[PDB]
Amino acid sequence: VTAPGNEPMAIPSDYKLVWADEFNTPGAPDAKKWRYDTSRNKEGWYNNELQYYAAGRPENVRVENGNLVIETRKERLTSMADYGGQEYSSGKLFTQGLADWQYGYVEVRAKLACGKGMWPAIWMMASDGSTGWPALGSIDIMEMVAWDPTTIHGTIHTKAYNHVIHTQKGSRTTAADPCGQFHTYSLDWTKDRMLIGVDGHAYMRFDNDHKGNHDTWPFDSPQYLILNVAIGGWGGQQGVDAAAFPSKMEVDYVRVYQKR
Ligand SMILES: OC[C@H]1O[C@@H](O[C@H]2[C@H](O)[C@@H](O)[C@H](O[C@@H]3[C@@H](O)[C@@H](O)O[C@H](CO)[C@H]3O)O[C@@H]2CO)[C@H](O)[C@@H](O)[C@@H]1O
Ligand SMILES: OC[C@H]1O[C@@H](O[C@H]2[C@H](O)[C@@H](O)[C@H](O)O[C@@H]2CO)[C@H](O)[C@@H](O)[C@@H]1O
Ligand SMILES: [Ca+2]
C-alpha cells in the first residue's frame, strides 16, 4: 500500500451538488451525460484486455429500475464494423466532452460485477490529455478484480507514479459482498490532497507535495468520469470464468459536489 489513508470522508457541508446522474430514465444512458468509448475496439484494448466495448447496445449498457447497468457477456460481436476478434462484450461510458470537474467530492453508489475475469472500474482521466497517459493524471475511485471480489482498490496515476513503472499511489480495503449489495465509492479531491474511500471511510490518501511538478501532481485541472467493466488483464489473473457471464455492474447514481 503506497498511498495509505485512514480517515473519515463525507460530502463537505460547504459543497453543493453540481452534477448528477441518478439514472432516473430507463433505456439508453442520457447522451447529455455520457458518451461511449469505441476508440480501441478493432485494435484490442489496453492492459491485455479481452472485451469489446459495445456503444449504443442495451445488452451491454442500459438504464433499468434507477440503475445504470454495465453488463459483460460472452459473445463474439462479429457484425460490428469495429469488431476486434474479442470473445466478450461490455460497456464503457465517460463524461468526456460533456462534463468534467477540477476538485470536488464524487460519490458513486454501485453494486459491482463479479466472476473471475471481471474488472469493474469507476475512474477519471484529465480532460486535457496533451501530456498523454500517464502524465495527464488518472484517478481510480474504485477498481475491483473479481478473482479478489471483496477487495476494493483506490489508486492514482501520474507521470512519476504509475503502474507501468510500479510507482502508482494506491491502497485497498474490503467490503461485504460488493457484487450483491450497493456500496458508496467516494473521492474527495482538493488542491491539497485526494481521499478515496468506501462507505464514508477513506482508505487511500494522496497529498499534493506542493512542489508545482506536473509529474507528481497533475491534478489542478479538470477530470471526466469513466465507468466500465473490463475483462481480463488484471481481472484475468486467475482466468476468465465462462460460468460467470453475464455479469453486471449496477450504478444507482453518480453525484459530484464542489465548493459552494
Ligand atoms: O501503454 C501506453 C498507452 O497507454 C494508453 O493508456 C492506457 C494504459 O495503457 C492503461 O494501462 C490504463 O489502464 C487503466 C489504469 O491505469 C487505471 O487507471 O485503471 C483503469 C480502469 O481500470 C485502467 O484502464 O489506461 C490507459 C488509458 O486508457 C494511452 O491511451 C496510449 O496513448 C499509450 O500509448
Ligand atoms: O494493471 C493496471 C492496474 O495496476 C494497479 O496497480 C497495482 C495494484 O495497486 C496492486 O494492488 C497490484 O498488486 O499490482 C498492480 C499492477 O502493478 C493499479 O492499482 C490500477 O489502478 C491499475 O489499473
Ligand atoms: Ca438511481
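Just so it is clear, none of the values below were taken in a lab; they were calculated from the coordinates. Positions of Cβ are generated from backbone atoms using ideal geometry, with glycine treated the same way; all protein chains shown enter the neighbour counts.
Just to be sure I understand the filter: pairs with C-beta atoms under 6 Å, separated by 6 or more residues or on different chains, first member in segment 46-75 and within 17 Å of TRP34 (Cβ to Cβ), second member within 16 Å of ligand 2 (Cβ to nearest atom) and of a type in the set (A, V, I, L, M, F, W, C). Which pairs pass?
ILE70/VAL229; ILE70/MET249
Going residue by residue through segment 140-161, is there one that turns out to be closer than 20 Å to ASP207 by Cβ, within 11 Å of ligand 1 (Cβ to nearest atom) and of a type in the set (D, E, K, R)?
Yes, segment 140-161 has at least one match.
Go through segment 162-191 and give me each residue that's at positive phi and away from ligand 1 (no atom under 15 Å from the Cβ).
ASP177 - this is the single residue of segment 162-191 that is at positive phi and away from ligand 1 (no atom under 15 Å from the Cβ).
How many residues, within segment 226-251, are within 16 Å of ligand 2 (Cβ to nearest atom) and among the aromatic types (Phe, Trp, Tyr)?
Within segment 226-251, residues that are within 16 Å of ligand 2 (Cβ to nearest atom) and among the aromatic types (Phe, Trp, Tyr) number 1.
Looking at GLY84, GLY44, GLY137, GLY56, which is the one that is farther than 26 Å from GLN223 by Cβ and not acidic (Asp, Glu)?
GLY84
Exactly one condition in (1) assigned to a strand (DSSP E or B); (2) within 11 Å of ligand 1 (Cβ to nearest atom) is false for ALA135; which is it?
The failed condition is (1).
Which members of segment 62-118 meet the condition of being farther than 16 Å from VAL229 by Cβ and basic (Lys, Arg)?
Residues satisfying the conditions are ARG76, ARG109.
Which residues, counting only those in segment 152-177, are part of a loop (DSSP other than H, G, I, E, B) and within 16 Å of ligand 2 (Cβ to nearest atom)?
Within segment 152-177, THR158, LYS159, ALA160, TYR161, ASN162, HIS166, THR167, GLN168, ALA175 meet the criteria.
Give the residues of segment 25-35 that are part of a loop (DSSP other than H, G, I, E, B) and in contact with a strand residue (DSSP E or B) (Cβ under 8 Å, 6 or more places away or on another chain), sorted by residue number.
Across segment 25-35, the qualifying residues are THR25, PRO26, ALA28, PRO29, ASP30, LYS33, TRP34.
Of everything in segment 49-64, what is in a loop (DSSP other than H, G, I, E, B) and among the hydrophobic types (A, V, I, L, M, F, W, C)? Give them in sequence order.
Correct list: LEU50, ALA54, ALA55.
Out of curiosity, is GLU43 of a type in the set (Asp, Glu) and either within 16 Å of ligand 3 (Cβ to nearest atom) or within 17 Å of the chain's Cα centre (by Cα) (or both)?
In short, no.
Scan segment 78-94 for residues that are surrounded by fewer than 19 Cβ atoms within 10 Å (Cβ to Cβ) and either part of a strand (DSSP E or B) or of a type in the set (A, V, I, L, M, F, W, C) (or both) and jot them down.
Once the filter is applied, which keeps residues that are surrounded by fewer than 19 Cβ atoms within 10 Å (Cβ to Cβ) and either part of a strand (DSSP E or B) or of a type in the set (A, V, I, L, M, F, W, C) (or both), segment 78-94 yields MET80, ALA81.
Kindly indicate the residue of segment 35-49 that is surrounded by fewer than 13 Cβ atoms within 10 Å (Cβ to Cβ) and more than 16 Å from ligand 2 (Cβ to nearest atom) and also nearest to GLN86 (Cα to Cα) among those meeting that condition.
Checked segment 35-49; the qualifying residue nearest to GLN86 (Cα to Cα) is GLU43.
Restricting the search to segment 65-77, which residues are in a strand (DSSP E or B) and either of a type in the set (A, V, I, L, M, F, W, C) or under 28 Å from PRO222 (Cα atoms) (or both)?
Within segment 65-77, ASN67, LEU68, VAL69, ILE70 qualify.
For the list (1) without any contact (Cβ under 8 Å) to a residue 60 or more places away in the chain; (2) touching a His at 6+ places or on another chain (Cβ under 8 Å); (3) surrounded by fewer than 23 Cβ atoms within 10 Å (Cβ to Cβ); (4) under 23 Å from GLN181 (Cα atoms), I need the number of the one condition that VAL145 fails.
It is condition (1) that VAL145 fails.
Of the residues that sit in segment 98-113 and are under 15 Å from the mean Cα position of the chain (by Cα) and outside any strand (DSSP E or B), which one is farthest from ligand 3 (Cβ to nearest atom)?
For segment 98-113, the residue satisfying everything is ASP100.
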